[PDB]
Each structure stands twice: as structure tokens, then as C-alpha cells.
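Chains as they are written, first to last, in my numbering: chain A, 143 to 350; chain B, 4 to 132; chain C, 53 to 159; chain D, 277 to 402; chain E, 14 to 95; chain F, 103 to 186. Below is one structure, written out as C-alpha cells; comments come after it.
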Amino acid sequence: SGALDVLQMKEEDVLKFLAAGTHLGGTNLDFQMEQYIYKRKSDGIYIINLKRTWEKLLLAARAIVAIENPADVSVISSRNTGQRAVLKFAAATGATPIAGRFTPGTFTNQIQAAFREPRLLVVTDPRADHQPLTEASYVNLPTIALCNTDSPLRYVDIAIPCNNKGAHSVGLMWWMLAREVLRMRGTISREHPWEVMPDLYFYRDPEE
Amino acid sequence: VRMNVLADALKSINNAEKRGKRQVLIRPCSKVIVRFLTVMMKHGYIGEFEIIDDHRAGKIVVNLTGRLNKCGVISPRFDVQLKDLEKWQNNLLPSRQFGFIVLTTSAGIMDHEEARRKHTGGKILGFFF
Amino acid sequence: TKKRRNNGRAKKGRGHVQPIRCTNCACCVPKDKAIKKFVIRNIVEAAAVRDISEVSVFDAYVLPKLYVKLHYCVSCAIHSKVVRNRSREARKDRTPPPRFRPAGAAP
Amino acid sequence: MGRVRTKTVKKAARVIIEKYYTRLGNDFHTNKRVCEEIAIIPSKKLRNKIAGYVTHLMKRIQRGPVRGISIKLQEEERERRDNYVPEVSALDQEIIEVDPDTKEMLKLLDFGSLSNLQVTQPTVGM
Amino acid sequence: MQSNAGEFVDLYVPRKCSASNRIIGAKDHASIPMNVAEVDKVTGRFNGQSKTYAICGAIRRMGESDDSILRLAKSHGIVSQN
Amino acid sequence: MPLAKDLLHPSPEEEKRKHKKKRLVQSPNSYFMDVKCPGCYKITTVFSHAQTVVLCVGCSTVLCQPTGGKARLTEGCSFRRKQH
RNA sequence: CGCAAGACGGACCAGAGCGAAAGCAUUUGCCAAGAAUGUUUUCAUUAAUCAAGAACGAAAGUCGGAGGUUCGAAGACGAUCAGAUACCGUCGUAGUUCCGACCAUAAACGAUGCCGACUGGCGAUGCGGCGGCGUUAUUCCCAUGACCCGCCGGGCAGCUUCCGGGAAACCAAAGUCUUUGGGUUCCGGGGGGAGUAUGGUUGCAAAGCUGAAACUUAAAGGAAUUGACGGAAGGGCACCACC
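Shown next, in the form of C-alpha cells:
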């Protein structure tokens, strides 16, 4: 609980999550992530704590509200699985974007044409998106992040444990964030469900 | 092997605080370690500590805040003559104003301020600030 | 200034090992140091087997190999490009590689 | 080869195409006239060399989007294409097949669900 | 930083980490805090009214800022059974 | 080591994984048992790791042989721990 | 094809083992010995590190035998070169090998004293113990056994890391050093003269240990950076290069 009730778990969600196979977690734990871990499945794989994955995601959402100018929260992904994902998040919430080749000197370096002064970064893979995570730590900007069980914890305050091996796990978690932030300081009202199908987040890809 | 036990406890602490740690387990403890941990405590440089009783020599858990830049030990335990205390605090304290030299005198393990007030002296244990 | 943390080639836990003799200079180098390359090849070779298969009796048969484990001292293995100076960075890679397994249609 | 277009040329081609796509064409002869209208180019040989490379581009663009060029019309086309979604693919068909433990994942998650068991064998590293 | 007559001198009093109680000093721009929204209870309705934490360059470079937030957020809510 | 443990109350599971000498306050990781062999009805107490042959009260029997560690109890035998 | 002699233990063989270090790979037996582990065994401070003293100590050399297969410090030869006493070929020496004595030195390098604590991630591997309603191998079930996975010690190491160190190269120790203080031992104070003179000592000898000065001289030296340049490696480009 906390903030007081409704805000707790909802089977409906624990259903979307298990469905999207988030909790599945990496075989290599990593030490700073040990808390997330619920249990280790036989035949090596770890079960993330969805309850924990849930609450942190809400904690993330709340930090995204409280930024006044929504545009200046930067959602970021160079990973494909998270590219339409972040583009969607930016469409709904204010949130400006940074997909693909991050481009170095974007936070440091006025002169540049992708120069951004976010007040909050949200990253999807701390290993793939290491540049943005490093640049951010050159200029006092907080970081939400996509972390599987074995992701870099350096310079990331707030993790939301995922699966990020991929599928819809990256889709759902960006979805749920936007869903959550629109609820808070937004205007969804009635932490009731979605007119938006979560598939709308989710990776595209190729063609024959 | 071991010559002193204090020096280990103090170092262990210093590395805890340097890491960003908020607790430590020192081993093995002694009356002198307690007394020193205690002088530190009175002054704020650590939180509360706890002597756990293995059937051996003891183990202490210190909960530390982060007001501690450094707690050192002086070896050997040189004799000090009331106007060598003035010389010591200057050698090893940040400003005249604060930080303590803690020594052992006939009338107790004490910080040098308490020493000056009692008007006794002795052999130097260590310090902090 | 020390170049390879491994010094020569891997010892660490010894101080001694018997030396081998280079298969070229007939030099002398500790066995821990020394480039070693296995060498397995058919008795016959490329072109031969066809006359070797036709001229033989036996219904197939099916070719022996000569096996020889070579040793070179540093200067020979360099000289003959068994191994080649690698940049201050590339030297650190123990690994091994190429892209197909050159066995007939390679270089 | 011996004729490798230089940046001053190649740039102008990217340039015009970005602000000129629906105006420009397939054919050298006409863009060349167009470069007179839409740009101020100092020598005739340059303007020709420009018209020519930008046409080589238009010929290519009109056969597949080209690595660094964007025009309003191409954006609209990608936009429409980037809608697709069927009967939909998961289903997944009656009943999820689980690997169990993933069965024990739901079982100890307070969650009903469809079912199936086939999850056994270890399990080598490398 | 009092002076003679209880006056407050030098020029500023720095903020202190939310995890280590250690001065953020002053040019270490590899450090930042994190304003969490208060909620008008019940739920949603971001209402101000920040609940805020500041984390030091050190903790963050050591691959904490996150957890520290959680000890911070739960201990003072929200966040429970973390 | 992320600036998070309660050195004073550590978990029983990760206390139980640690070396006998590394335990918060030390303690052993060895135990005693009562052992059966139907023919007799009385029961010999035995130490988990043992070095000595241990023989039963009367019958020249066996009752484990020693090893690097825990004594290997012998075939058809039974054993309750066990106390405090 | 057989046999003799003397030599040596290939492939298997590793950033793998053991040993204080020097060093140590055939089988098998005997002889004592050494670490790790396990251990609710035993003692109650037994202990850390060390002038003096002492054990061991690759190679060559030296003393006397055995022995000399192999190869070969010297020599004599054939070539090469302007010169070649060399490299290169050949003949071939003491010697290599072994036994009993000497000798006490090797970039005897991890060029890194030894002992204790503390500070950081991951996966290997030798080894011990521990745990699994995991695999495979069997009999009627086994006791087996080898593995997979995890845990814990203590090995040699590796890998990645703005903790921190350092002049850097680098370094999880070379960290915890101006915020300079855990124990102890040793050596150095610009470079040459010099490991030289001289006395002592040890040595059969060859030599070893201890070890100056006069005089000489303003850099000796380290590390990184960059060119230039190479009979170093991949590179190219041109009939001022070849084809």
C-alpha cells in the first residue's frame, strides 16, 4: 500500500505481466540486483518479483510526474525492442525522445544539434544505452532504467526489473509506465484500465 | 600475528565509512576498544554499537552516521607530559577548535579536553575528527 | 618497462621447466615459452589421391595421416610469420581464429 | 574512378531533394532546368554535375528509400505502412503451454490461467 | 558557521547526501537528487508536494542511487515490502 | 557490498552457508545421532564425523567407517539426531 | 635383421601440479617426509620477525674414479669478407652423464622482504569437505563411479572495473601514505673512479665476502609523447617505380 489502497497490485496487471513474460529473469544474477530476485527456477533461470517489479514501476511513474515540463523527461532506447516503445511513450506523456545512436555530446556540449537538458532520463538497457547513462552522470540528471537481473547499476537510480531479453516484456513495461503516469498528474482518472492496446508498444520488424 | 587489536578496529571503521558503509563488524574487541568506541560515541562520530558475545574475545557491530573523516591509532603508546598534549593535538588535528586526541591516563581513557579539565595526563592511544 | 605481464610465456607457479629445441634454429627455449603448432596432413596430398586411388588395389582404402607437433623459438616463429607483431592492444588477446576452415578452397 | 562526386556536389543533392522531392524528376534534362529556378549555382558545369548526381539519387530513391534522405512524402508513406496488425498472432490458441516452474511461477503468484506441462532436463553450460 | 555575535558567516551551507550524510560539494556534477510526487492519498492526483532525496556522486558511481532511494522511499513511504 | 546488511541480525540461510569460523558468532556445523542394528535393541550415540571405527555395545558389528568428513554409516542402519 | 654401449624420458603436457627456494614428468616396491581439508580431539600463550651462527643452493670450473653414446668451451680445417682469429661447413678437445669431495654464485626476476587485519565484481581450474525427490553408467536392488548444478575453505593464476595507489607504464596490491604512525628485517642518498685499492676472512685452484680514497664530472637516469628512421609486420600509391 502506502498511497493508500487501489494503488496496490490488481490481478488484471499481474496477468498482463506474467503473460508478457516479464518476471523471467537472467541466469547471471549480478550482486546489486539480488533483492529483486524471487526464486531460481530449476534448469537455471530466475523468477523476478513481479510485486517488486510492480511497485518500483509505480515509483518510477511518480518520479516522471513531478517533473513539471513533461517534454523534458527523456525516454531513451537504442535497442530495437524498445524503439516503437519509447516513441509511443513520448506521444502520450510529454516526454521528448532519443532513439538509436544516442549521439555523444548530447548532454555535455551546448553547440550540438541534439543537445538536451533533461530533468529525468529513462533508459531501457543500461548496457546498450551506456553512453546516455554516462553522459547523464556528467550533468546531474537522475535516471530510471530497464534492468534485467544482470544489468549495470552504475549511475542509475531506480530500477524496474524486467526481462529485457525481450519480447513484450519491454513493450509492457513502457506501456504500463505511460499508463501509470497518465493516471497520476495527467488525466486518466479512476485507476481503472486501457482504451489503448498494449501492442501498440512492441517492436515492428522486417519484411520478406 | 597480532600486536594490537585497537588498530584493526579503527582501520575497519575508517574503511567502512570510506566505502559509504553504515555498519561494521569489528573483531575481536577489548575493554580498550569499548572505551575508545565510547569516547567516539559521546561526541557523535559514531552511532550506537553492540558487543556480541562469542565464547571467545567478542565481536562489535558499530552503526556509523558519516561525521567521521578519520579515527586513527597512535603506536606506540608514547608517554605525554601535559605540554606534549598541546604538541600532539597540533600535529594531528584539523583545527585547534575540534577533533580530539584520545589518550589513556591513570584516571581513565579520555579525550584530551577531558584530560585538560581533570588536569591529568599519560600515554597516547589515538584520535578522531 | 615491462611489456608482457606474462613476461615470456606462461609460467607462474614454477620458476623452472625443461627446455625444448626449436625445430628450425635448433635453438633452446623453455617449453612454457615457445610457439607450438600441431601439423596433421595426408600421406598423399592434394593432387595424388586420384592416381593413388586408381593405382592401388584395395576397395577404397582410406589415407593415413602424418602427425607432427612443431616447436619454434620466438625469432623463428616471427621470422616465418607463424606469429606477427600485434598492436599494444591486440597482444592481450589469447584467442584463436579465421573464417572457414581452409582445407582445399582457402588461401 | 576517376569521377567521384565531392561533398560540395553531393550535399547540394541531398539538399535540393529534401526541399524539392515532388518538384524533381527521373530525368536529367529537367532537374537541370529546375536547378536554375530553385538554386543559385555559379558555373554551368557545377549546376550540371549537381542536377546529374541528384538525378542518380532520384532514380535510386524511386526504387527503395536511400540511407540518409528524408522528404515529406516518404514520411507519410512509412507512417501509413507502420500500422499493420492481423487476427493477431498471440492467441495463442486455446491453452498456454508452460514449462512448469513457470507453472509454479503462476501457482505461487495467486494466478488461475490455462495450462500444460513439459519442463524437464539439465543442462550444460558453455 | 557562527561569528563573534552569533552572526552567520561564510557563504553557503551545502546539501548532504540522502544516503551517506556526506557534503555534496560543490562542483561534483556527477550527482543529483530525485523529487518523488506526493499523491492526494486515495491514489493518483499528483499533488505536489515533492518527497525528495539527494544522492551523492559516490553512491551513484558505486552502483547504488537506486537502492538508496528505496531505503529512502519505503522508510518514509510509499514503497512497502521491497 | 551495497551499503546494506544488518550485520547484527544476518539471515539464517546465508549464515548457514558460511564457514564455521566465519559465522556471526561462531558455532559448529556438526551433530550427534542414535544408531539402531535390529539384532540389538539398544542405541549407541555417534558423532557425525568420527575417525574411529565405531562398534556397537556388544556385537562386533561396524557402525560406520571414517572419511575426509562425515562418517559413512553402514548399510542397514537408522538414525534420529538429536537434542537441543 | 639382430645386438651392444651410453644418453634421455617425447606425443599425452596445460596462464595445470608440488617443493623453502635452487628445482621436479617411464614402471613398480620399500623409506621417512610436506601442505590443504575435515575434526563439539589435545596444550593454554606455546607466539611475530630477526645481528651473530647455520641448512640448502641451476650452471660452469676444480679433486679422484666410473664413463664418454650424444653434442661439444679450445685447437686444426672449408668457405665467406677488403680484413674473419667469427657467424656458416667439417674434424674435434676439456666438458656434457654418473659417484665421493670442493665452490657459493646466476636479469637465482614476480627485478616486487616476511608476518597480520581491512577495502571489489564475475567465471575458470588442481584439491578437500558439504548438500540435490539433477543426468548417465548395474544385478533383483544396491554399495559403487564419472558428471551437471550450488555452497565453503585454502593453490597458481586470469578477466572487467574513474574505490584507492603511482611519475606513468601499471597495481586488488605496488590499496588502506601529508588525513603521513599494525609487527619486524634489510639496503640506498647524483653519476663515473669501483665491487676497484687496501687489511681481514673463506677457498686446493678458479675465485667469493667485507670495501675506501685521490681524481673526475652537470647530468647520469626513469616514464610517457611525438617524429625521423629501419636489411620489423600489414599497408598503399606513380612507367620521375617495375611490368
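C-beta atoms are modelled at their ideal positions from N, C-alpha and C, and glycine is treated no differently.
By the Cβ-count criterion, C/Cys77 is exposed, with fewer than 16 other Cβ atoms from all chains shown falling within 10 Å of its own Cβ.
Each residue's CA atom was taken as its position, placing C/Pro154 and C/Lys88 some 19 Å apart.
For B/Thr68, at least one C-beta of chain E is nearer than 8 Å to its own C-beta.
Across the stretch 72-84 of chain E, CB contacts with chain F closer than 9 Å involve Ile72, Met75, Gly76, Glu77, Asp80, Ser81 and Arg84, in sequence order along the chain. Taking a Cβ-Cβ threshold of 7 Å, the residues of chain B close to E/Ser33 are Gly23 and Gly69, in chain order. By the neighbour-count criterion, in which a residue is buried when 16 or more other Cβ atoms sit within 10 angstroms of its Cβ, A/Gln174 is buried. Shown in chain order are the members of the stretch 377-397 of chain D whose Cβ falls below 9 Å from a Cβ of chain A: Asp377, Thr378, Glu380, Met381, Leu382, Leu384, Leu385, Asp386, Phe387, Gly388, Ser389, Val395, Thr396 and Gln397. Looking only at B/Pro31, B/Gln92 and B/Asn94, the smallest Cα-Cα distance to B/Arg5 is reached by B/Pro31. Taking C-beta atoms as the reference points, A/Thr285 and A/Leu275 count as a pair closer than 8 Å. Note on A/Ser331: under 16 other CB atoms within 10 angstroms of its CB, so exposed under the neighbour-count rule. Assignment of beta-bridge partners to A/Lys181 by DSSP yields A/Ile189. A/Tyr188 is classed as buried because its beta carbon has at least 16 other beta carbons within 10 Å across all chains shown. Taken atom to atom, the span from the alpha-carbon of D/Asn324 to that of D/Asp303 is near 12 Å. Ranked by Cα distance from B/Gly129, the options B/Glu89, B/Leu95 and B/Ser109 are led by B/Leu95. Taking the Cα positions, A/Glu210 is about 58 Å away from C/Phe152. E/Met14 does not reach chain A, its nearest Cβ partner there being about 25 Å away, counting only Cβ pairs nearer than 8 Å. DSSP, reduced to helix, strand and coil, places C/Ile72 within a strand of the structure shown. Taking A/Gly247 as the centre and dropping the five residues before and after it, the same chain places the C-beta of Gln254 closer than 7 Å to its C-beta, in chain order. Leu201, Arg204, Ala205, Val207 and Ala208: these are the residues of the stretch 198-226 of chain A whose beta carbon lies less than 7 Å from some beta carbon of chain E, given in chain order. For the 8 Å CB-CB criterion, A/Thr235 and A/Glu277 do not form a contact. In the DSSP assignment, E/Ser63 falls within the beta strand (DSSP E) that extends over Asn60 to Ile68. In this structure F/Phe134 is exposed. Its beta-carbon is surrounded by fewer than 16 other beta-carbon atoms within 10 angstroms.
Segment contact: the stretch 183-200 of chain A against the stretch 23-33 of chain E, fewer than three CB-CB distances shorter than 8 Å; contact not assigned. Bounds of any beta strand (DSSP E) do not take in E/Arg28, whose DSSP letter is neither H nor E. Taking every protein chain shown into account, the CB of C/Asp111 has fewer than 16 other CB atoms within 10 angstroms, so this residue is exposed. With contacts defined by Cβ atoms closer than 8 Å, B/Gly75 and B/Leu106 do not form a contacting pair. Scanning its chain for C-beta atoms nearer than 6 Å, with the 5 sequence neighbours on each side dropped, one finds around A/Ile240 the residues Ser216 and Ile218, in chain order. Of the candidates E/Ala18, E/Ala50 and E/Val22, E/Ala50 places its Cα closest to the Cα of A/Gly144.
Between the C-alpha atoms of F/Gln153 and F/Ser132 there is a straight-line separation of about 14 Å. Straight across, the Cα-Cα distance linking C/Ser108 with C/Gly156 is about 23 Å.
Remark: C-beta atoms of A/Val264 and A/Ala233 do not approach each other more closely than 8 Å. Counting other Cβ atoms within 10 Å of its Cβ, A/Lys198 reaches 16 or more and is therefore classed as buried. In the DSSP assignment, B/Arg119 falls within the unbroken alpha helix (DSSP H) covering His115 to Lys121. Contact between the stretch 383-398 of chain D and the stretch 320-334 of chain D is not established, with fewer than three Cβ pairs separated by less than 8 Å.
By the Cβ test, the stretch 322-339 of chain A is not in contact with the stretch 303-313 of chain A, since fewer than three Cβ pairs between them sit closer than 8 Å. Cβ atoms of E/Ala43 and A/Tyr280 come within 8 Å of each other, at about 6 Å.
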